[PDB]
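pasting an experimental structure with its sequence.
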Amino acid sequence: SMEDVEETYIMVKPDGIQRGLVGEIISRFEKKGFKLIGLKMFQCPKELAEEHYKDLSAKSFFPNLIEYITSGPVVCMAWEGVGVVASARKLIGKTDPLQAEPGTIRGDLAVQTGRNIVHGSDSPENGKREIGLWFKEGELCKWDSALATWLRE
Amino acid sequence: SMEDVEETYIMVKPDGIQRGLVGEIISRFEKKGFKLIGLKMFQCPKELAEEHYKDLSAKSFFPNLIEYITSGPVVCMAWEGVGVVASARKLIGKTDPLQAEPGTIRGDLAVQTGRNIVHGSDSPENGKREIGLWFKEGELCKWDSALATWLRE
Amino acid sequence: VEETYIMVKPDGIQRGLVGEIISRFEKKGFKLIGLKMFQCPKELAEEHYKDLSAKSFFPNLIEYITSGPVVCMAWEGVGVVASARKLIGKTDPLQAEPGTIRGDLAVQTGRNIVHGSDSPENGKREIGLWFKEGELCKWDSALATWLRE
Amino acid sequence: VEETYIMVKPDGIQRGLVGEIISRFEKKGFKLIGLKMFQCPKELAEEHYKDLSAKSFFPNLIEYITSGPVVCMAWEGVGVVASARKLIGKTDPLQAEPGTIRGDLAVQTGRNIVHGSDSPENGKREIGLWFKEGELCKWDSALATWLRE
Amino acid sequence: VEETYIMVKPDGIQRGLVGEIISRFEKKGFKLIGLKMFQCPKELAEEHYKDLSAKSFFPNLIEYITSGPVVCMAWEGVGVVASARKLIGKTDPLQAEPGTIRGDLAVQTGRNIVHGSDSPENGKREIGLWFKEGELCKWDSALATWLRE
Amino acid sequence: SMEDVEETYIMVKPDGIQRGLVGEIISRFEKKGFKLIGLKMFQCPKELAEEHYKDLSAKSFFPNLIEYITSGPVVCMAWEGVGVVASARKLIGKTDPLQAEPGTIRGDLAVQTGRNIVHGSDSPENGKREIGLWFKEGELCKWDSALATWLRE
Ligand SMILES: Nc1nc2c(ncn2[C@H]2C[C@H](O)[C@@H](COP(=O)(O)OP(=O)(O)OP(=O)(O)O)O2)c(=O)[nH]1
Ligand SMILES: Nc1nc2c(ncn2[C@H]2C[C@H](O)[C@@H](COP(=O)(O)OP(=O)(O)O)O2)c(=O)[nH]1
């Protein structure tokens, strides 16, 4: 089968780190069958995070948002796969954890919106933008999976 | 508008114990991020069980509910958190396990309405009712969660 | 009592999800009455996919389920047929909801790791097709009363 | 039948390990007969640790054991005391072996998340010190015939 | 390549441990080449436990092994026989260390949920006794290069 | 509590990645209670892998080793904690996954020495060394665990 493998940026937030969910979140996607090509614990500089949420820079929560997202280290992840962006969004769950369906990362492991543990790109366009914003040039590591023949047709 | 801290009475029904599921159910709620302020293996006295199911006292099966809930030990739990009530019902799943969705407790662990493992208050008003009903005035334990600031803003 | 047929496909084995899938049905509360690693011969696979014989993918499908061993299973319980389907998830893993088998453990339709009868009729058919006279095992669950009224 | 006293300490609750610890003993096969989240008043704690009153760490200990609610437990089964001591692991989480509770989930003796009666006589003493009578519950385990002969 | 016979005793099935026990061997890295739920006949139960024939617990043993269906398994991998022994843990569940199957999920010797050949030749001998000719399925793991050099 | 906190270098070898065990491994230490201060997927250059295994350079397996450790990305890690070095090694198991006791990382998830899915510093000094060899000045993230007070005195 031929079908482009998109990339999506997935980020475990400060709270996710504090609660020790870094291993758990990663394990969810590893079991799903997606490839990890970019990974790193990272203390996000204020500028980068402000660039990341550039679109929300006018909002009244923006200050508080940047404050939190930089208040502690986060984990930067880049996942490759076919239809992985939307898939990631599904596995993550609704923005509001209380409304997230059990089985999803937020519905299983979080309770409040302002602390929803993780971020998934909302589109392949943003997946590219974010992976290029949070990751330096040669940080990504591409590799052929040994299970490639058993993950995809 | 911001919602107040809430309390709910979650109960592991007789079958939950027989199948050694007390631990996993407590875990699902500990993992979600709520705070356990009430817990005890309890032998529900007939009078207490009667008050618990008072809204069904007119039902022809009312006897079964009382009889059954008194047939063996149960685990009483009192959980706290903003929106914990509506959330607990969500992690628990539809009454008929066969219909509860994969990911919910009943959805992943049960097969018949009658032996649907756990119970959670159906409303914030009923949560306070059941907690005060099942727990003796000194059985509730209040404490400050060290992860409070990472669970909610 | 209702019985359904559930099978882990070659990719489920390769990826080592046999124990996982089984555990999920055990925990749910259904009784396992049939189990066996089996290398499916072409003709039997074709028989299994009888109705898709005119389809375009048919051959690929036949290769896929014979490209490695499978693990046949016979599960019993009231309404197990539909429940099993719900636990397996949508045919397309990307579409199946998190919490289901394909929703958590697969990424593509052509390799969606598991199978479940879609009807009580096919349940008997498929079980009667993959299991031989006597390979099934009956037993009384000690937790029977704590699983059903 | 033999019963032992197991208690999840304050750090255990603070770290959301109650469910996990209970599950281990459940999955092991012993029967739970007593359970409760309890706020240990200083005197009960000092009586439990009666023998250490003279030691310099006494103050710290009492503060710690009462710094938050604990979860009291009572389990039943032949050899449950020693086994529970084995499942829990050496006093020092760093020396505790991988597979044991403290070994898998803790990092320091002063925060070694759980307790377990070190002998059957102590099991009775502690269950009697931490529980009130009506608190223990007796019941018949459906799976007994499959747990023992 | 060395093979060993692993089997889930009847107490394992009644307690829903089939999937969990297989997973321990899938996660370890070993290859499943034999599997089937089987109702063990008294005669076959006797040949297997020939060495314990003159033991006083023998009779109870034979009735136990025949008390319900069991799950027969064959795993491949160099050193598997010895590795399975460890994963299984000491005969008396109460003495098997945490981390092992008997140490985490059993409480008495007469209901130790699992079996494993104690040597390579007993593995060969046991697979020939529990599995018929083609019930074994030969296949190669796509992860071969990452499990052994 | 005046106890000295050391750091240890823990790395997920190429096979760990191939086998989707990155998460599981991370969760073992996360749940143990140690702190993650360094983490990154990385494709190791022969030169770096040799200066890392210089003490085995004369061995007959060295050549293969070097190629194995560089045959694909690995996941570098820096863990902090009192006695984390010795603990981490205990948590990993014997060099031979067939000997490693069940419950340890290698005894639970591997079947052969040359593919023992993970590495951990064998001493506090090699701890400092390896972290310095694999992590650049500034890749390590310092932070305060909200549970620090419940993990230690
Ligand atoms: N009912 C009963 N069974 C016993 C007693 N001692 C031993 N057995 C059973 C369970 C033991 O695993 C078996 C003797 O087993 P072996 O030491 O020959 O081998 P093994 O360690 O592989 O365990 P297995 O065949 O899996 O049950 O017979 C006893 O006192 N009472
Ligand atoms: N490919 C290959 N690698 C080997 C062989 N023997 C040892 N090694 C490698 C992997 C071992 O982890 C490493 C030696 O490690 P060690 O100093 O005994 O301690 P450890 O940090 O591995 O626990 O050398 C071997 O026989 N073949």
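Perfect, I can see it now. Numbers count the residues shown, from 1 in each chain, chains lettered A, B, ... in the order given. Ligands and ions are numbered 1, 2, ... in the order given.

contacts and neighbour counts: CA atoms only from here.
Noted.

which residue ranges form the helices in chain A?
Using DSSP state H, the helices found in chain A span residues A:14-18, A:22-32, A:46-52, A:62-70, A:84-92, A:105-109, A:124-134, A:148-151.

for stretch A:74-92, measure first residue to last.
By C-alpha to C-alpha, to the nearest Å, the extent of stretch A:74-92 from end to end equals 16 Å.

do it and chain C meet at all?
Yes: Stretch A:74-92 comes into contact with chain C (C-alpha under 8 Å from any C-alpha of the partner chain), by way of A:82-83, A:87, A:90-91.

now narrow those residues to whatever sits close to ligand 2.
Subset of the residues of stretch A:74-92 next to chain C in contact with ligand 2: empty, counting by C-alpha under 6 Å from any ligand atom.

quick one: which of these is most hemmed in?
residue A:91 (26 neighbours; other C-alpha atoms under 10 Å in any protein chain shown).

which one is that one nearest to, not counting chain neighbours?
residue A:104 (4.9 Å; C-alpha to C-alpha, 6 or more residues apart in numbering or on different chains).

correct me, but that neighbour touches residue C:99?
Yes: between residue A:104 and residue C:99 there is a contact under C-alpha atoms under 8 Å: 7.3 Å.

is stretch A:61-73 anywhere near chain B?
No: on the criterion C-alpha under 8 Å from any C-alpha, stretch A:61-73 is out of touch with chain B, staying 9.0 Å away.

that stretch: which residues count as buried?
For stretch A:61-73, burial by neighbour count (16 or more other C-alpha atoms under 10 Å in any protein chain shown) applies to A:62, A:65-66, A:68-73.

residue of chain A closest to ligand 2, please.
For chain A, the residue closest to ligand 2 is residue A:146, as judged by C-alpha to the nearest ligand atom, at 18.9 Å.

contacts only, for that residue.
E:142-143, F:18 (C-alpha atoms under 8 Å, 6 or more residues apart in numbering or on different chains).

can you do 10 Å?
Counting by C-alpha atoms under 10 Å, 6 or more residues apart in numbering or on different chains, residue A:146 makes contact with E:141-146, F:15, F:18-19.

residue contacts, the nearest residue to residue A:26 once chain neighbours are set aside?
Closest residue in space to residue A:26, ignoring its immediate chain neighbours: residue F:23 at 5.0 Å, by C-alpha to C-alpha, 6+ apart. Going by C-alpha under 10 Å, 6+ apart, residue F:23 touches A:21-31, F:16-17.

try residue A:36
Per C-alpha under 10 Å, 6+ apart, neighbours of residue A:36: A:7, A:26, A:29-30, A:77-81, A:140-143, F:17-18, F:20, F:22, F:41, F:73.

quick one: stretch A:27-47 to chain centroid distance?
Centre-to-centre, stretch A:27-47 and its host chain are 6 Å apart (C-alpha atoms, centre = their mean, to the nearest Å).

hang on, I meant stretch A:134-145
15 Å.

buried set for that stretch?
For stretch A:134-145, by 16+ other C-alpha under 10 Å, it's A:134-135, A:140-141, A:145.

any part of it near chain F?
Yes: Stretch A:134-145 comes into contact with chain F (C-alpha under 10 Å from any C-alpha of the partner chain), by way of A:138-145.

any residues touching that stretch, and which ones?
The contact list for stretch A:134-145 (C-alpha under 10 Å, 6+ apart) reads A:9, A:11, A:34-40, A:42, A:44, A:48-49, A:51-52, A:76-80, A:129, A:131-132, A:151, E:142-143, F:17-19, F:40-43, F:71-74.

can I have the buried ones of the residues you listed as a PyMOL selection?
Filtering these down to the buried ones (16+ other C-alpha under 10 Å) takes a single PyMOL command:
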select buried, (chain A and resi 9+11+34+35+36+37+38+39+40+42+44+49+52+76+77+78+79+80+129+131+151) or (chain E and resi 142+143) or (chain F and resi 17+18+19+40+41+42+43+71+72+73+74)
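
now do the contacts for residue A:16.
Counted by C-alpha under 10 Å, 6+ apart, residue A:16 has contacts A:22-25, A:73-75, A:109-110, A:115-118, B:150-151.

so which residues on chain A come close to ligand 2?
Residues of chain A lying near ligand 2 (C-alpha under 6 Å from any ligand atom): none found.

contact residues of chain A facing chain D?
Counting by C-alpha under 10 Å from any C-alpha, chain A sits next to chain D at residue A:19.

how about the residues of chain A near chain E?
Taking C-alpha under 10 Å from any C-alpha as the measure of proximity, chain A contacts chain E at A:145-150.

mind redoing it with 7 Å?
Within chain A, the positions near chain E by C-alpha under 7 Å from any C-alpha of the partner chain are A:146-147.

who does residue A:40 bridge with?
residue A:76, residue F:40 (DSSP bridges).

tell me which residue in chain A sits closest to ligand 1.
Counting by C-alpha to the nearest ligand atom, chain A gets nearest ligand 1 through residue A:31, at 31.3 Å.

now that residue: closest residue in space that isn't a chain neighbour?
In space, residue A:31 is closest to residue C:105, 5.4 Å off (C-alpha to C-alpha, 6+ apart).

mind listing what residue A:8 touches?
Counting by C-alpha atoms under 7 Å, 6 or more residues apart in numbering or on different chains, residue A:8 makes contact with A:78-80, A:84-85, A:120-121, A:124, A:127-128.

6 Å - rerun?
A:78-79, A:85, A:121, A:127 (C-alpha atoms under 6 Å, 6 or more residues apart in numbering or on different chains).

which strand residues bridge residue A:120?
On the basis of DSSP bridges, residue A:120 is bridged to residue A:10.

contact partners for it?
Counting by C-alpha under 6 Å, 6+ apart, residue A:120 has contacts A:9-10, A:89.

can we see that at 8 Å?
Residues near residue A:120 by C-alpha under 8 Å, 6+ apart: A:8-11, A:85, A:88-89, A:92.

now do it against chain D, distance only.
Applying C-alpha to the nearest C-alpha, to the nearest Å, the value for residue A:120 to chain D is 26 Å.
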